[PDB]
Every structure is written in structure tokens, then in C-alpha cells.
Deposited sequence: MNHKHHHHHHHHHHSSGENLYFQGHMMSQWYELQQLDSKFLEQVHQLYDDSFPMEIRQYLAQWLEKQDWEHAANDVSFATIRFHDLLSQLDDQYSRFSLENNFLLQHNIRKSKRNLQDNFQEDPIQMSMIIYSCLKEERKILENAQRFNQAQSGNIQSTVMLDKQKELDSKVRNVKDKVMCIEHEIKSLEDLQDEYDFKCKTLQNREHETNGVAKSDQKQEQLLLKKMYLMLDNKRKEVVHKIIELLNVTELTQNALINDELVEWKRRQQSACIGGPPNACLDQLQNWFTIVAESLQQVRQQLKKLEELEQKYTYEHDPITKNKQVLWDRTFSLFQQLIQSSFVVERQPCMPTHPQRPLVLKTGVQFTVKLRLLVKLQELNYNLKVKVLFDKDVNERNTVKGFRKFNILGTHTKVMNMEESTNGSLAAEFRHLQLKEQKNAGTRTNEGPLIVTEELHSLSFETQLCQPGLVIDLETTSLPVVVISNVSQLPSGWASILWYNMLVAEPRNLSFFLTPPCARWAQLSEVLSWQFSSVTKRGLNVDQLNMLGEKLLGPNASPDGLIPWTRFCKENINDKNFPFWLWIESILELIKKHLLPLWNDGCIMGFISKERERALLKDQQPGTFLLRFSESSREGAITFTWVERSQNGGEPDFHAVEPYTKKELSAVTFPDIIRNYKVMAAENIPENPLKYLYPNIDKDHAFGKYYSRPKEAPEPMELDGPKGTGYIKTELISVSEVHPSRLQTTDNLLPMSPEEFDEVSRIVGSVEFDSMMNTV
């Protein structure tokens, strides 16, 4: 809450206060050297027409006061550095991690307003300290003498003030929204050669003499040593309009921003790399956008510069799945050190950290993430029976390496289930009708429940296209549980034709010449089908109407 923000805030007032205060002192000193000027100039020349002593004791004040002014700036400057350290190395830093996490889903990041505020106040305050060092520069360029407080102090001061300004502005230039294809908005750090994508820069030092002044140019792979060292490294060029100029309009509430839309990548086919497909890493190489600009002024010439988070580049949305797998692993095990050679030695993740991201994956796309018992199932797929919250899942295991006995990788498996929910199960998923992930051993051991006529909804473990199922329980006459019963899993092909509610409503089980049955009374504990799936059912010389319907035996 206001744990730091209050502290921090406090300090920024402190600066602002000190700067005014200098500013009186400068006036009063701007007076007293005049007053002297007047009285001296009438008294130096005088005889052209009871002690006292004005000239000897009073002069003193043209010393005293200047000393007090000079020493007093120095105190301000020293403070300002403390402040500026707190604000650049904690405050901003923290926001940027917070944003890293927003990208792979996770708690949404706060606005850049509060920050923009501090940054701008401390950046105004310096600017004022700039001018007074020039007003004192003036007084010296009136009157000077043996030891002139403002002749020893002049250059060190000037140099500090600018040193400070420079660090300050440099740090403000920041990627307010990282690169993204519009047609893929939950998937923001993967690009495809061809499609257009958007970036937003933003400066935090909202002055008004920086309006239509800064011209940002975009670059790509600039200074990436992995072009020479890594065999097979692709190369590209940005197509759209790069240069934009950064302006207060457009984005509301000030914000001195620049929102590129219409940017594109194209590969640089030049043989060259010769696309060695026997190299170090598949297309999970990371590549980096860069932005550049420069703040030109009377006596000022600041180069700015920054960098998106590492990006992945693909050709075909076929790849996107595996592509997002790489952006997860990096924005989860890396603080920012742009480690474009990360996948050469990709470290292991702890189960405790994995799980909360796996959850984020569903919470972002739907309206409900992965509960506890669910997670324990995927726990055990990766980790074994002993699924401690410390266990280490290696990057092979999560992504390129078949599960226990199957012909697919684990991440590809979830990725499909996730795609199925998105386009055929949202309503049932939002509303908690689906258990989804549950072992076919704890699923029996929870169906010695009730009325021979209860059924769960699972996700097939054996598919690759991602596929829902259902299981129910009978009475076998032996005085015990049934073998229980599950139907071959409904994938997209069936589901496209009739809905999964409609399937359930009307399933039959048939014979030769027997009235056909309907063995689905109860959803999980006790819910009568036509209440659980009530609201999702569709609808309730003269063609006769038909329905599709799924049937067994």
C-alpha cells in the first residue's frame, strides 16, 4: 500500500521544497549584492562637491550569504541522488517485473501515472537547479574577489546537476506495452513474418518542451552477438514505417508516447546461414526489438535507448503453441538480463512455480483457473507419485519428450485441451460443470457414489487433438460397483456438428429390438442432468425435422 509510496512520496516533496527555498535565498542574495552595489558605488566616489562601519561589516554578508546559498544547493543535490536511486532502482525496476508477469497472465499491472509523477517532479526540480547555477554564474560575472564561494563550486556543481539529469531522463524511456499481434492478444511476445503488430513506447518525464521533439526509430536484432556465434541464426528486417515522433496528443492525460501500429517482419533470404537444421536450437531462438532516439537542445544532447523483452519469431501459427512455451519459461525463470542465449542451457523450474503459471494459462483465456485437485493431477503427470512443491521439472520434460508412454509432449497436450475449451466448452467450463483432469483410478474411487446414473466430464489423456469424455456407474447385480463405463472421446470433429450439451441431453445406448435407455441421471454429487445442463441445451408441404444424436451399441 502506502508502505514505500508514502516514504518515496515524502522525499520528492523534500526536493521540491528545497528547490523553492534555494530560490528565495537566491533572490535575497540577488538583492543584497545590489544594495551593496548601490551603497558601495556612492561611497567609493565621494568628495566631489561617531564611528560606524558599513563597508567592512556587511560586505561580510556578500560572503556569508553566498556561502550559505552554495552549501545549501549541495545539500539538495546530495538528497536528490538518494531519491533518484530509490526511484530508478527499486520503483521502476519493480514495475518492470510486474509487467513481465502480466504478459504470461497474472495480476494486471498498475498504470505508469504515479511513476510519471515522481519522475516529472524530480525532473522539473533539476531543471530549476540548472537555472540557478546560471544566476549565480551571473553574480560572479558581476563581482568577484579573493575566495569566491561560487568559483570553487561552479564546475563541480554544474557537472553534478547534468550528470543527474542525464541518468534521470535515460531511465524514463520505457516500453509501456510490449509487442503483439492484434489477432493474438493473449500471446504477446510472439510475432509472425507477415502479420502486422503494435508497440507502445512512453517517456515518463512529462515536460512540454519535449513535444514533437523526440523521434523514435525502431531497430531489429541490433548488437545481437548470437548472429555470429550461434549457427543457423535467422535474420529479419522491419517493414512498416519505423520512425515515429513522440507527442502529447493521441494518448490522453498527457503521456508523452508513440504507438507504432503497422510493423512487419520479413526474413532476409540470402542463403548465408544456409539454414543449418543441424545446429544448437530449433525456432526457440530469442530476438530483440530496440528503440532509439535523442533529446537535442540548447546545451543538452542526450541519447536515449531501450529494448522490448525477447521475442520469438515464427512463420506459421502452427508453431505458436510451442512458441508460447518458450516465452513462458523465460518470463518465469529470468528477471530481465536479456539472456538471448537462454535456451542453450535451459534451467529447471520448481513445481511450486510451474503450477501457478499453468493455472494462469486458463484463468486468462476463460473465467476460471485450475483448482487444487486438478493441479495435483498434472503434478503427478510430470513429477511422479511424490509430487513435492519443490520437485524440479526440466525443460525437456515440460516440452520435447514424450509423456510416460504416449506419443506427445506434455505441453502440447494441455495446449490442445485449452484450445477445445476456448471454442466449444466455455459456458460449461466457466460454470464448473467439468472436473477435466482426474486420474482413471481416483475416478472410480469417487464413483461408488450413488444412483446408477452419475457421470463426470474428463479430458482424454490419450488424444492429441484434445477431447472430452464422460463416465458413469451402474449396478452389476454382484452386490458391488460396475465395471463403470466411458465413451470414446468427443473431439472437435463431432463437436463442430452438434454441441456437447446436446450430446449429453440425448445419448441413448441401443439394441436390436429393445426400447433404448438414457444412463445419465446425475452429474457429480447429485445434480439431475436437466438442471446441470439445463440452460445450455439449444431451443427446448412441410419438411420433417431431424436431429443428430450420439449412440452406443
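**Student:** Provide the list of deposited-sequence positions lacking C-alpha coordinates, grouped into contiguous ranges.
**Tutor:** Missing from the model are residues 1-160, 210-219, 711-724, 738-776.
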